[PDB]
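Data from protein03.txt: compact mmCIF, C-alpha atoms
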# COMPACT_ATOMS: atom_id res chain seq x y z
CA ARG A 5 -85.74 17.48 14.19
CA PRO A 6 -82.37 16.10 12.97
CA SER A 7 -79.44 17.86 14.61
CA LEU A 8 -77.85 20.47 12.39
CA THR A 9 -74.95 20.85 14.76
CA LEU A 10 -74.26 17.11 15.41
CA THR A 11 -74.59 16.63 11.58
CA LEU A 12 -71.99 19.40 10.94
CA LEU A 13 -69.60 17.57 13.25
CA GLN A 14 -70.21 14.05 11.67
CA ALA A 15 -69.72 15.59 8.21
CA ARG A 16 -66.43 17.03 9.51
CA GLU A 17 -65.32 13.55 10.82
CA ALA A 18 -66.05 12.17 7.36
CA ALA A 19 -63.80 14.82 5.72
CA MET A 20 -61.14 14.50 8.43
CA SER A 21 -60.43 10.88 7.57
CA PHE A 22 -58.94 12.33 4.33
CA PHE A 23 -56.47 14.52 6.23
CA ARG A 24 -55.61 12.81 9.51
CA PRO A 25 -53.07 10.43 7.91
CA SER A 26 -51.03 13.24 6.37
CA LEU A 27 -51.18 15.07 9.68
CA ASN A 28 -50.53 11.65 11.38
CA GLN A 29 -47.64 11.24 8.82
CA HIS A 30 -46.34 14.77 9.45
CA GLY A 31 -46.62 14.61 13.22
CA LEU A 32 -49.33 17.18 13.79
CA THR A 33 -52.59 17.37 15.59
CA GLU A 34 -55.53 18.86 13.82
CA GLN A 35 -55.71 21.59 16.52
CA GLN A 36 -52.15 22.60 15.71
CA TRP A 37 -52.95 22.49 11.97
CA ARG A 38 -56.08 24.80 12.50
CA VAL A 39 -53.93 27.28 14.25
CA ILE A 40 -51.23 27.08 11.53
CA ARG A 41 -53.92 27.42 8.83
CA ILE A 42 -55.42 30.61 10.42
CA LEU A 43 -52.11 32.21 11.12
CA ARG A 44 -51.04 31.44 7.50
CA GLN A 45 -54.15 32.90 5.91
CA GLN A 46 -54.83 35.77 8.34
CA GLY A 47 -51.27 36.68 9.49
CA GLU A 48 -50.33 37.74 13.07
CA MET A 49 -53.34 37.45 15.44
CA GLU A 50 -54.21 38.32 19.02
CA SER A 51 -54.36 35.07 21.00
CA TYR A 52 -58.03 35.06 22.18
CA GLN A 53 -59.12 36.01 18.70
CA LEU A 54 -56.99 33.09 17.33
CA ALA A 55 -58.69 30.62 19.74
CA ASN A 56 -62.07 31.94 18.57
CA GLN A 57 -61.35 31.61 14.85
CA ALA A 58 -59.40 28.36 15.17
CA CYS A 59 -62.20 26.91 17.19
CA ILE A 60 -60.09 25.85 20.23
CA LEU A 61 -61.22 26.13 23.90
CA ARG A 62 -58.99 28.49 25.92
CA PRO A 63 -57.50 25.94 28.32
CA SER A 64 -56.32 23.75 25.40
CA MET A 65 -55.09 26.77 23.46
CA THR A 66 -52.43 27.53 26.12
CA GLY A 67 -50.88 24.12 25.54
CA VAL A 68 -51.41 24.29 21.73
CA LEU A 69 -49.42 27.55 21.58
CA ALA A 70 -46.69 26.58 24.10
CA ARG A 71 -46.03 23.33 22.20
CA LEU A 72 -45.93 25.12 18.80
CA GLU A 73 -43.78 27.81 20.29
CA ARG A 74 -41.45 25.11 21.77
CA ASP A 75 -41.18 23.52 18.29
CA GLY A 76 -40.24 26.76 16.61
CA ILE A 77 -43.55 26.94 14.60
CA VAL A 78 -45.00 30.11 16.14
CA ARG A 79 -43.62 33.24 17.93
CA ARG A 80 -45.55 35.08 20.75
CA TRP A 81 -45.04 38.72 21.57
CA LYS A 82 -46.67 41.44 23.65
CA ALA A 83 -48.22 44.28 21.67
CA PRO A 84 -45.85 47.33 22.02
CA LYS A 85 -48.84 49.62 22.72
CA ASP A 86 -50.75 47.17 25.06
CA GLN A 87 -48.51 44.67 26.86
CA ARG A 88 -51.50 42.65 28.20
CA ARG A 89 -52.35 41.59 24.65
CA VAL A 90 -50.42 38.73 23.20
CA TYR A 91 -50.02 38.35 19.43
CA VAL A 92 -49.11 35.19 17.66
CA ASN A 93 -47.50 34.55 14.25
CA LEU A 94 -45.93 31.73 12.22
CA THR A 95 -42.14 31.62 12.25
CA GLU A 96 -40.15 31.05 8.95
CA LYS A 97 -40.00 27.49 10.05
CA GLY A 98 -43.81 27.35 10.55
CA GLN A 99 -44.42 28.95 7.14
CA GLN A 100 -42.21 26.30 5.46
CA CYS A 101 -44.05 23.65 7.48
CA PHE A 102 -47.32 24.97 6.06
CA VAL A 103 -45.78 24.92 2.49
CA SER A 104 -44.56 21.31 2.61
CA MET A 105 -47.88 20.00 3.94
CA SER A 106 -49.92 21.88 1.33
CA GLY A 107 -49.23 19.52 -1.60
CA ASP A 108 -50.49 16.56 0.43
CA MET A 109 -53.51 18.59 1.66
CA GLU A 110 -54.37 19.61 -1.95
CA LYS A 111 -54.36 15.90 -3.02
CA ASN A 112 -56.67 15.09 -0.15
CA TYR A 113 -59.03 17.82 -1.32
CA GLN A 114 -58.87 16.40 -4.88
CA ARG A 115 -59.96 13.02 -3.41
CA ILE A 116 -62.86 14.76 -1.62
CA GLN A 117 -63.87 16.69 -4.75
CA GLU A 118 -63.93 13.48 -6.89
CA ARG A 119 -65.82 11.43 -4.34
CA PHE A 120 -68.20 14.24 -3.25
CA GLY A 121 -68.62 16.30 -6.43
CA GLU A 122 -66.85 19.48 -7.58
CA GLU A 123 -70.01 21.62 -7.65
CA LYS A 124 -71.50 19.97 -4.52
CA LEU A 125 -68.31 20.97 -2.66
CA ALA A 126 -68.78 24.58 -3.88
CA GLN A 127 -72.46 24.70 -2.83
CA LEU A 128 -71.64 23.28 0.56
CA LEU A 129 -68.88 25.85 1.22
CA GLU A 130 -71.06 28.70 -0.06
CA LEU A 131 -73.86 27.54 2.25
CA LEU A 132 -71.55 27.09 5.22
CA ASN A 133 -70.08 30.56 4.61
CA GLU A 134 -73.69 31.82 4.74
CA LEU A 135 -74.50 29.91 7.95
CA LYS A 136 -71.58 31.57 9.72
CA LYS A 137 -73.19 34.95 8.91
CA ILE A 138 -76.22 34.10 11.06
CA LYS A 139 -74.13 34.46 14.21
CA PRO A 140 -75.89 37.20 16.32
CA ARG B 5 -57.81 26.35 -0.58
CA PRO B 6 -60.32 27.46 2.12
CA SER B 7 -60.66 24.87 4.87
CA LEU B 8 -63.76 22.75 4.52
CA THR B 9 -63.25 21.28 7.95
CA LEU B 10 -62.44 24.54 9.85
CA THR B 11 -65.46 26.09 7.98
CA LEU B 12 -67.74 23.22 9.16
CA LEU B 13 -66.67 23.94 12.72
CA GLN B 14 -67.16 27.81 12.46
CA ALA B 15 -70.59 27.21 10.91
CA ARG B 16 -71.36 24.96 13.90
CA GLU B 17 -70.23 27.74 16.38
CA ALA B 18 -72.59 30.10 14.59
CA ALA B 19 -75.55 27.67 15.05
CA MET B 20 -74.50 26.81 18.62
CA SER B 21 -75.01 30.37 19.82
CA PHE B 22 -78.75 29.63 19.25
CA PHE B 23 -78.71 26.64 21.60
CA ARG B 24 -76.07 27.23 24.27
CA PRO B 25 -78.32 29.52 26.37
CA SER B 26 -81.10 26.95 26.66
CA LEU B 27 -78.50 24.33 27.51
CA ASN B 28 -76.82 27.01 29.75
CA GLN B 29 -80.38 27.64 31.18
CA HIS B 30 -81.06 23.90 31.61
CA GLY B 31 -77.67 23.08 33.10
CA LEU B 32 -76.25 20.92 30.35
CA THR B 33 -73.13 20.77 28.32
CA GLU B 34 -73.40 20.31 24.62
CA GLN B 35 -71.46 17.01 24.93
CA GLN B 36 -74.09 15.71 27.33
CA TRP B 37 -76.86 16.95 25.00
CA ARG B 38 -75.21 15.12 21.95
CA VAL B 39 -75.19 11.95 23.89
CA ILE B 40 -78.82 12.44 25.02
CA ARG B 41 -79.83 13.28 21.43
CA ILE B 42 -78.25 10.07 19.99
CA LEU B 43 -79.55 7.83 22.69
CA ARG B 44 -83.05 9.37 22.20
CA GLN B 45 -83.09 8.92 18.44
CA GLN B 46 -81.14 5.64 18.16
CA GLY B 47 -82.08 3.90 21.46
CA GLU B 48 -79.67 1.77 23.58
CA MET B 49 -76.10 1.88 22.15
CA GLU B 50 -72.75 0.22 22.77
CA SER B 51 -70.47 2.78 24.42
CA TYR B 52 -67.64 3.06 21.81
CA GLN B 53 -70.21 3.28 19.07
CA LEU B 54 -71.97 6.08 21.07
CA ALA B 55 -68.68 8.05 21.38
CA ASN B 56 -68.20 7.65 17.61
CA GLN B 57 -71.68 8.86 16.64
CA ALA B 58 -71.85 11.55 19.34
CA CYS B 59 -68.50 12.82 18.26
CA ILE B 60 -66.80 12.66 21.69
CA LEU B 61 -63.15 11.58 22.30
CA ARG B 62 -62.92 8.43 24.46
CA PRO B 63 -61.21 9.96 27.50
CA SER B 64 -63.93 12.65 27.80
CA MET B 65 -66.68 10.11 27.15
CA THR B 66 -65.86 8.24 30.40
CA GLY B 67 -66.59 11.38 32.39
CA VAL B 68 -69.59 12.34 30.19
CA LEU B 69 -71.23 8.97 30.93
CA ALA B 70 -70.29 8.77 34.65
CA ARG B 71 -71.72 12.26 35.24
CA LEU B 72 -74.95 11.47 33.33
CA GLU B 73 -75.18 8.17 35.09
CA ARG B 74 -74.65 9.96 38.47
CA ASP B 75 -77.50 12.37 37.57
CA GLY B 76 -79.92 9.60 36.75
CA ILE B 77 -80.01 10.51 32.98
CA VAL B 78 -78.49 7.31 31.57
CA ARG B 79 -78.15 3.64 32.69
CA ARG B 80 -75.08 1.43 31.80
CA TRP B 81 -75.21 -2.33 31.62
CA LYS B 82 -73.07 -5.21 30.41
CA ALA B 83 -74.44 -7.12 27.44
CA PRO B 84 -75.81 -10.49 28.78
CA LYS B 85 -74.09 -12.37 25.93
CA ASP B 86 -70.75 -10.38 26.00
CA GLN B 87 -69.93 -8.86 29.41
CA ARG B 88 -66.98 -6.82 28.01
CA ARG B 89 -69.41 -4.72 25.99
CA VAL B 90 -71.15 -1.91 27.76
CA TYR B 91 -74.49 -0.59 26.51
CA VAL B 92 -75.96 2.73 27.36
CA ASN B 93 -79.56 4.02 27.38
CA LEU B 94 -81.61 6.99 28.58
CA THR B 95 -83.47 6.48 31.85
CA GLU B 96 -87.18 7.61 32.22
CA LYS B 97 -85.75 10.66 33.82
CA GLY B 98 -83.40 11.26 30.83
CA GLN B 99 -86.26 10.78 28.36
CA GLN B 100 -88.36 13.39 30.20
CA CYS B 101 -85.30 15.65 30.26
CA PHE B 102 -85.09 15.31 26.48
CA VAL B 103 -88.89 16.08 26.21
CA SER B 104 -88.82 19.27 28.29
CA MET B 105 -85.83 20.69 26.41
CA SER B 106 -87.33 19.94 23.00
CA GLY B 107 -89.79 22.87 22.92
CA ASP B 108 -86.96 25.32 23.55
CA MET B 109 -84.73 23.55 20.98
CA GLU B 110 -87.55 23.70 18.35
CA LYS B 111 -87.87 27.51 18.90
CA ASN B 112 -84.14 27.87 18.43
CA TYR B 113 -84.40 25.97 15.15
CA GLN B 114 -87.28 28.27 14.08
CA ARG B 115 -84.94 31.25 14.73
CA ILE B 116 -82.25 29.57 12.59
CA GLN B 117 -84.72 28.76 9.81
CA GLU B 118 -86.01 32.39 9.67
CA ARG B 119 -82.56 33.95 9.75
CA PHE B 120 -80.90 31.37 7.45
CA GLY B 121 -83.73 30.35 5.11
CA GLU B 122 -86.10 27.36 5.24
CA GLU B 123 -84.93 25.85 1.93
CA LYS B 124 -81.25 26.81 2.51
CA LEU B 125 -81.42 24.84 5.79
CA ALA B 126 -82.80 21.82 3.86
CA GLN B 127 -80.10 22.01 1.16
CA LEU B 128 -77.39 22.31 3.76
CA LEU B 129 -78.62 19.24 5.71
CA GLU B 130 -79.07 17.24 2.50
CA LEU B 131 -75.52 18.16 1.46
CA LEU B 132 -74.07 17.41 4.89
CA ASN B 133 -75.88 14.05 4.92
CA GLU B 134 -74.17 13.39 1.55
CA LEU B 135 -70.73 14.46 2.83
CA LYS B 136 -70.94 11.94 5.65
CA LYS B 137 -71.38 9.21 3.00
CA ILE B 138 -67.89 9.92 1.61
CA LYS B 139 -66.31 8.38 4.69
CA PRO B 140 -64.07 5.49 3.39

Would you encode the structure as C-alpha cells?
Amino acid sequence: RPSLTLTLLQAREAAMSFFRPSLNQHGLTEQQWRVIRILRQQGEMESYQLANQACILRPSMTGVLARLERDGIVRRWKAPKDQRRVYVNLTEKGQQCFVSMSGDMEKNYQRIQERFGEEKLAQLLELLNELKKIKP
Amino acid sequence: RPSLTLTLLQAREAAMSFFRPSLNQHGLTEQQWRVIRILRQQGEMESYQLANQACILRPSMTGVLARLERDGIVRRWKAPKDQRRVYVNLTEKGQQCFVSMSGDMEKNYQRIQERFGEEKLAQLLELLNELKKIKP
C-alpha cells in the first residue's frame, strides 16, 4: 500500500519549489503566506479556526500571528460579544502585500500548468476538493 | 486562484483523521510513522535523503531519529567508506512494529476507498505521482 498521505506531502514539495523563491524573494515563510491566503479569501477569522484551515499547529500559530501582527500584516481583536475569542484579519498593509505577491504567484501557477497540464491540474484540484469532503 | 498547495495539505488532514487514532492507539507520531514507512519500503537510507523523502525539516529529524533510536526502532551507522555520512535502517523490532500496525492501516485505507471511491483513489494517486515529477 503506497502512502496516500506521504504522497500528498511529496506532491506538495514538488509544487512548493515553484513558489518558495518568490516567498524567499519577498521575505515570507510559507506558513505566513497560508495565513495571508486564508485571511484574504475568507476574511476575518477566529484564531483556532484559522490554524485549522491554514494547517498550522497551535504552538507555531502563536508565533506566526505575533510576527505578522508585529509587521503590520494582521490585526487581532477580541470579539465584542465574547472576549475569550480572538479574531484575526489582514491590515491594509497585509492586503497590499497579498496584491503585490499575486502577479508572481500567478506566473508560478502558469509554470505549473504548462509543465503539469492544464486539465490535469483541474482534475487534481477537483479530486483533492472531493478528498477533503471525506473528513468524518 | 485556489491554492494547490494549501489544498494538498487540507486533503491530507482529511485522510489523516483515518490514521491518527491507530497511531494515537499505537503510541506513534505521524513523523515517526513516515520515517518507518520510508525505511520499510526503501531500506537503509542516508539521513538527509531520509528527511527529504519523509518530508521532515532537519532540526526535527534529529529528534525524530534519536527518539526512534532510543526506542529500538531504528539503528544509525557511519558509512564504512565515508564516515561523515550517516545511514539509517529499521531494526528487527522496528520491522515487527511496521508489521503489526499494517493490518490496522489497511482497514483505514479500506474505509477511505469506500468513502472516497476505489477508482477515484487510483486517479488521485496516479495524478499525485505525476505532480511529483514536475519537480525541477

Near-range 64-80 of chain A list (6 Å; only C-alpha atoms; drop same-chain fewer than 2 positions) as a VMD selection string: chain A and resid 61 to 62 91 to 95 97 to 98

For the residues in the current selection, export C-alpha atoms as a PDB file, keeping the file's coordinate frame.
ATOM      1  CA  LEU A  61     -61.220  26.130  23.900  1.00  0.00           C
ATOM      2  CA  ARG A  62     -58.990  28.490  25.920  1.00  0.00           C
ATOM      3  CA  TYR A  91     -50.020  38.350  19.430  1.00  0.00           C
ATOM      4  CA  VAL A  92     -49.110  35.190  17.660  1.00  0.00           C
ATOM      5  CA  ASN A  93     -47.500  34.550  14.250  1.00  0.00           C
ATOM      6  CA  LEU A  94     -45.930  31.730  12.220  1.00  0.00           C
ATOM      7  CA  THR A  95     -42.140  31.620  12.250  1.00  0.00           C
ATOM      8  CA  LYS A  97     -40.000  27.490  10.050  1.00  0.00           C
ATOM      9  CA  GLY A  98     -43.810  27.350  10.550  1.00  0.00           C
TER      10      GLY A  98
END

Residues of chain B within 10 Å of chain A, counting all atoms listed in the file, as a ChimeraX atom specification: /B:5-23,34-35,37-39,41-42,45,56-59,106,109-110,113,115-116,119-121,124-140

All residues 12 Å or closer to residue 89 in chain A, only C-alpha atoms, same chain fewer than 4 positions away omitted, as an MDAnalysis selection string: chainID A and resid 49:53 80:85

How about saving the chosen residues, C-alpha atoms kept, as a compact mmCIF listing (two decimals), keeping the file's coordinate frame?
# COMPACT_ATOMS: atom_id res chain seq x y z
CA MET A 49 -53.34 37.45 15.44
CA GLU A 50 -54.21 38.32 19.02
CA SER A 51 -54.36 35.07 21.00
CA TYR A 52 -58.03 35.06 22.18
CA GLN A 53 -59.12 36.01 18.70
CA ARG A 80 -45.55 35.08 20.75
CA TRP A 81 -45.04 38.72 21.57
CA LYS A 82 -46.67 41.44 23.65
CA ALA A 83 -48.22 44.28 21.67
CA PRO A 84 -45.85 47.33 22.02
CA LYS A 85 -48.84 49.62 22.72

Between CA of residue 54 in chain A and CA of residue 117 in chain B - distance in Å to one decimal: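 Separating CA of residue 117 in chain B from CA of residue 54 in chain A is a distance of 29.1 Å.
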
Matching every Cα in sequence order between the two identical chains, what are the coordinates of chain A once fitted onto chain B? Write them as an mmCIF file with C-alpha atoms, in the frame of the given file.
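To be explicit, this is the file written out as selection22.cif:
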data_model
loop_
_atom_site.group_PDB
_atom_site.id
_atom_site.type_symbol
_atom_site.label_atom_id
_atom_site.label_comp_id
_atom_site.auth_asym_id
_atom_site.auth_seq_id
_atom_site.Cartn_x
_atom_site.Cartn_y
_atom_site.Cartn_z
ATOM 1 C CA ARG A 5 -57.818 26.358 -0.580
ATOM 2 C CA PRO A 6 -60.315 27.459 2.122
ATOM 3 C CA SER A 7 -60.660 24.873 4.873
ATOM 4 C CA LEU A 8 -63.763 22.747 4.524
ATOM 5 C CA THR A 9 -63.249 21.276 7.951
ATOM 6 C CA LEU A 10 -62.440 24.537 9.848
ATOM 7 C CA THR A 11 -65.462 26.088 7.985
ATOM 8 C CA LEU A 12 -67.747 23.217 9.160
ATOM 9 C CA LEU A 13 -66.676 23.942 12.728
ATOM 10 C CA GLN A 14 -67.154 27.809 12.460
ATOM 11 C CA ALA A 15 -70.593 27.212 10.911
ATOM 12 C CA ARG A 16 -71.356 24.964 13.903
ATOM 13 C CA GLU A 17 -70.235 27.731 16.382
ATOM 14 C CA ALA A 18 -72.598 30.100 14.589
ATOM 15 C CA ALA A 19 -75.541 27.671 15.051
ATOM 16 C CA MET A 20 -74.507 26.811 18.617
ATOM 17 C CA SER A 21 -75.013 30.366 19.822
ATOM 18 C CA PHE A 22 -78.748 29.633 19.249
ATOM 19 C CA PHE A 23 -78.711 26.642 21.607
ATOM 20 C CA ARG A 24 -76.071 27.234 24.271
ATOM 21 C CA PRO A 25 -78.319 29.520 26.368
ATOM 22 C CA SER A 26 -81.098 26.947 26.653
ATOM 23 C CA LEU A 27 -78.496 24.333 27.507
ATOM 24 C CA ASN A 28 -76.823 27.011 29.752
ATOM 25 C CA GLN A 29 -80.379 27.634 31.181
ATOM 26 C CA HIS A 30 -81.056 23.905 31.609
ATOM 27 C CA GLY A 31 -77.679 23.075 33.100
ATOM 28 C CA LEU A 32 -76.254 20.916 30.346
ATOM 29 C CA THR A 33 -73.127 20.768 28.322
ATOM 30 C CA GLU A 34 -73.409 20.308 24.620
ATOM 31 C CA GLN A 35 -71.456 17.011 24.930
ATOM 32 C CA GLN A 36 -74.082 15.703 27.326
ATOM 33 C CA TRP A 37 -76.853 16.954 25.003
ATOM 34 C CA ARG A 38 -75.211 15.119 21.944
ATOM 35 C CA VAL A 39 -75.189 11.945 23.883
ATOM 36 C CA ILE A 40 -78.820 12.443 25.022
ATOM 37 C CA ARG A 41 -79.835 13.286 21.430
ATOM 38 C CA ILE A 42 -78.244 10.067 19.995
ATOM 39 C CA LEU A 43 -79.554 7.828 22.692
ATOM 40 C CA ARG A 44 -83.048 9.373 22.195
ATOM 41 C CA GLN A 45 -83.087 8.919 18.437
ATOM 42 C CA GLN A 46 -81.137 5.643 18.163
ATOM 43 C CA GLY A 47 -82.078 3.896 21.462
ATOM 44 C CA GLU A 48 -79.666 1.765 23.575
ATOM 45 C CA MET A 49 -76.100 1.878 22.149
ATOM 46 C CA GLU A 50 -72.755 0.217 22.772
ATOM 47 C CA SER A 51 -70.473 2.785 24.414
ATOM 48 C CA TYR A 52 -67.637 3.062 21.817
ATOM 49 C CA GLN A 53 -70.211 3.283 19.074
ATOM 50 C CA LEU A 54 -71.972 6.085 21.071
ATOM 51 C CA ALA A 55 -68.675 8.045 21.373
ATOM 52 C CA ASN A 56 -68.199 7.652 17.610
ATOM 53 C CA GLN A 57 -71.675 8.863 16.650
ATOM 54 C CA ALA A 58 -71.853 11.547 19.340
ATOM 55 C CA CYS A 59 -68.504 12.821 18.252
ATOM 56 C CA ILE A 60 -66.795 12.661 21.697
ATOM 57 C CA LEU A 61 -63.150 11.578 22.299
ATOM 58 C CA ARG A 62 -62.919 8.431 24.460
ATOM 59 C CA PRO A 63 -61.207 9.958 27.497
ATOM 60 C CA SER A 64 -63.932 12.642 27.793
ATOM 61 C CA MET A 65 -66.682 10.108 27.151
ATOM 62 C CA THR A 66 -65.863 8.236 30.400
ATOM 63 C CA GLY A 67 -66.583 11.381 32.390
ATOM 64 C CA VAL A 68 -69.593 12.342 30.188
ATOM 65 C CA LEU A 69 -71.235 8.971 30.930
ATOM 66 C CA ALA A 70 -70.292 8.767 34.646
ATOM 67 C CA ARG A 71 -71.719 12.262 35.244
ATOM 68 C CA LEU A 72 -74.953 11.474 33.322
ATOM 69 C CA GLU A 73 -75.186 8.171 35.088
ATOM 70 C CA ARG A 74 -74.653 9.957 38.470
ATOM 71 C CA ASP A 75 -77.498 12.369 37.577
ATOM 72 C CA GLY A 76 -79.917 9.602 36.744
ATOM 73 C CA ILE A 77 -80.009 10.509 32.976
ATOM 74 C CA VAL A 78 -78.483 7.314 31.566
ATOM 75 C CA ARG A 79 -78.147 3.636 32.691
ATOM 76 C CA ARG A 80 -75.077 1.432 31.806
ATOM 77 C CA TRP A 81 -75.216 -2.327 31.616
ATOM 78 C CA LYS A 82 -73.068 -5.212 30.417
ATOM 79 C CA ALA A 83 -74.438 -7.119 27.438
ATOM 80 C CA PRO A 84 -75.810 -10.488 28.784
ATOM 81 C CA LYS A 85 -74.090 -12.372 25.925
ATOM 82 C CA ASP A 86 -70.752 -10.379 26.011
ATOM 83 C CA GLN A 87 -69.934 -8.856 29.405
ATOM 84 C CA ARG A 88 -66.978 -6.825 28.007
ATOM 85 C CA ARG A 89 -69.410 -4.716 25.984
ATOM 86 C CA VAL A 90 -71.148 -1.918 27.758
ATOM 87 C CA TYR A 91 -74.499 -0.595 26.517
ATOM 88 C CA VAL A 92 -75.954 2.739 27.361
ATOM 89 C CA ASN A 93 -79.559 4.017 27.383
ATOM 90 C CA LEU A 94 -81.619 6.994 28.580
ATOM 91 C CA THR A 95 -83.464 6.482 31.853
ATOM 92 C CA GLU A 96 -87.176 7.603 32.228
ATOM 93 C CA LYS A 97 -85.743 10.657 33.817
ATOM 94 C CA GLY A 98 -83.396 11.264 30.832
ATOM 95 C CA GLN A 99 -86.254 10.772 28.352
ATOM 96 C CA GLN A 100 -88.362 13.390 30.206
ATOM 97 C CA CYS A 101 -85.299 15.649 30.262
ATOM 98 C CA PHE A 102 -85.091 15.307 26.482
ATOM 99 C CA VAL A 103 -88.892 16.080 26.212
ATOM 100 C CA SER A 104 -88.819 19.277 28.288
ATOM 101 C CA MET A 105 -85.822 20.690 26.410
ATOM 102 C CA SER A 106 -87.330 19.943 22.993
ATOM 103 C CA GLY A 107 -89.792 22.870 22.913
ATOM 104 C CA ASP A 108 -86.960 25.327 23.553
ATOM 105 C CA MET A 109 -84.733 23.550 20.977
ATOM 106 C CA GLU A 110 -87.544 23.703 18.353
ATOM 107 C CA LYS A 111 -87.866 27.513 18.893
ATOM 108 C CA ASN A 112 -84.139 27.870 18.428
ATOM 109 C CA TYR A 113 -84.398 25.977 15.151
ATOM 110 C CA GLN A 114 -87.283 28.268 14.082
ATOM 111 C CA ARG A 115 -84.946 31.249 14.731
ATOM 112 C CA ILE A 116 -82.254 29.576 12.587
ATOM 113 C CA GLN A 117 -84.727 28.759 9.801
ATOM 114 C CA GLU A 118 -86.006 32.396 9.667
ATOM 115 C CA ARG A 119 -82.563 33.950 9.755
ATOM 116 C CA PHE A 120 -80.899 31.369 7.450
ATOM 117 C CA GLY A 121 -83.729 30.347 5.109
ATOM 118 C CA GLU A 122 -86.101 27.360 5.237
ATOM 119 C CA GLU A 123 -84.929 25.855 1.931
ATOM 120 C CA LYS A 124 -81.255 26.807 2.510
ATOM 121 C CA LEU A 125 -81.420 24.840 5.788
ATOM 122 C CA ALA A 126 -82.804 21.823 3.859
ATOM 123 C CA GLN A 127 -80.095 22.013 1.160
ATOM 124 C CA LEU A 128 -77.387 22.306 3.761
ATOM 125 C CA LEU A 129 -78.612 19.245 5.708
ATOM 126 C CA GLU A 130 -79.073 17.239 2.503
ATOM 127 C CA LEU A 131 -75.524 18.160 1.466
ATOM 128 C CA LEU A 132 -74.072 17.408 4.884
ATOM 129 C CA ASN A 133 -75.881 14.046 4.919
ATOM 130 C CA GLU A 134 -74.173 13.394 1.559
ATOM 131 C CA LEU A 135 -70.728 14.462 2.824
ATOM 132 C CA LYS A 136 -70.941 11.937 5.651
ATOM 133 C CA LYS A 137 -71.371 9.209 2.997
ATOM 134 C CA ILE A 138 -67.893 9.915 1.608
ATOM 135 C CA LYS A 139 -66.308 8.381 4.699
ATOM 136 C CA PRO A 140 -64.073 5.489 3.397
#

Å distance separating CA of residue 27 in chain A from CA of residue 105 in chain A, one decimal place: 8.3 Å

For CA of residue 26 in chain B and CA of residue 44 in chain B, the interatomic separation in Å (one decimal):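 Distance reported for this atom pair: 18.2 Å.
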
Give me range 51-65 of chain A from this structure - N, CA and C atoms, as a PDB file, in the first residue's frame.
ATOM      1  N   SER A  51      -9.230  32.639  15.647  1.00  0.00           N
ATOM      2  CA  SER A  51      -7.850  32.208  15.557  1.00  0.00           C
ATOM      3  C   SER A  51      -7.606  30.708  15.589  1.00  0.00           C
ATOM      4  N   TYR A  52      -8.439  29.923  16.279  1.00  0.00           N
ATOM      5  CA  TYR A  52      -8.288  28.433  16.233  1.00  0.00           C
ATOM      6  C   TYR A  52      -8.782  27.882  14.917  1.00  0.00           C
ATOM      7  N   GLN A  53      -9.882  28.463  14.462  1.00  0.00           N
ATOM      8  CA  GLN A  53     -10.394  28.144  13.123  1.00  0.00           C
ATOM      9  C   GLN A  53      -9.338  28.431  11.998  1.00  0.00           C
ATOM     10  N   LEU A  54      -8.622  29.552  12.125  1.00  0.00           N
ATOM     11  CA  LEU A  54      -7.594  29.966  11.170  1.00  0.00           C
ATOM     12  C   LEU A  54      -6.450  28.933  11.162  1.00  0.00           C
ATOM     13  N   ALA A  55      -5.946  28.573  12.351  1.00  0.00           N
ATOM     14  CA  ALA A  55      -4.961  27.480  12.472  1.00  0.00           C
ATOM     15  C   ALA A  55      -5.409  26.176  11.824  1.00  0.00           C
ATOM     16  N   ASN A  56      -6.687  25.833  11.973  1.00  0.00           N
ATOM     17  CA  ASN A  56      -7.248  24.630  11.387  1.00  0.00           C
ATOM     18  C   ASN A  56      -7.337  24.643   9.866  1.00  0.00           C
ATOM     19  N   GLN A  57      -7.702  25.784   9.289  1.00  0.00           N
ATOM     20  CA  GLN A  57      -7.842  25.917   7.855  1.00  0.00           C
ATOM     21  C   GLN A  57      -6.496  26.087   7.179  1.00  0.00           C
ATOM     22  N   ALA A  58      -5.613  26.823   7.866  1.00  0.00           N
ATOM     23  CA  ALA A  58      -4.289  27.207   7.377  1.00  0.00           C
ATOM     24  C   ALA A  58      -3.325  26.117   7.577  1.00  0.00           C
ATOM     25  N   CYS A  59      -3.774  25.062   8.260  1.00  0.00           N
ATOM     26  CA  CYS A  59      -2.960  23.901   8.506  1.00  0.00           C
ATOM     27  C   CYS A  59      -1.637  24.348   9.172  1.00  0.00           C
ATOM     28  N   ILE A  60      -1.779  24.894  10.393  1.00  0.00           N
ATOM     29  CA  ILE A  60      -0.667  25.231  11.284  1.00  0.00           C
ATOM     30  C   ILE A  60      -0.963  24.628  12.677  1.00  0.00           C
ATOM     31  N   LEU A  61       0.058  24.093  13.344  1.00  0.00           N
ATOM     32  CA  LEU A  61      -0.124  23.541  14.707  1.00  0.00           C
ATOM     33  C   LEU A  61      -0.157  24.659  15.735  1.00  0.00           C
ATOM     34  N   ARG A  62      -1.040  24.564  16.734  1.00  0.00           N
ATOM     35  CA  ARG A  62      -1.292  25.745  17.599  1.00  0.00           C
ATOM     36  C   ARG A  62      -0.094  26.416  18.297  1.00  0.00           C
ATOM     37  N   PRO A  63       0.964  25.641  18.639  1.00  0.00           N
ATOM     38  CA  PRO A  63       2.097  26.345  19.244  1.00  0.00           C
ATOM     39  C   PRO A  63       2.850  27.217  18.236  1.00  0.00           C
ATOM     40  N   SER A  64       2.943  26.786  16.976  1.00  0.00           N
ATOM     41  CA  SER A  64       3.572  27.629  15.949  1.00  0.00           C
ATOM     42  C   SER A  64       2.692  28.785  15.510  1.00  0.00           C
ATOM     43  N   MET A  65       1.378  28.620  15.605  1.00  0.00           N
ATOM     44  CA  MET A  65       0.459  29.667  15.200  1.00  0.00           C
ATOM     45  C   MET A  65       0.599  30.949  16.042  1.00  0.00           C
TER      46      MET A  65
END
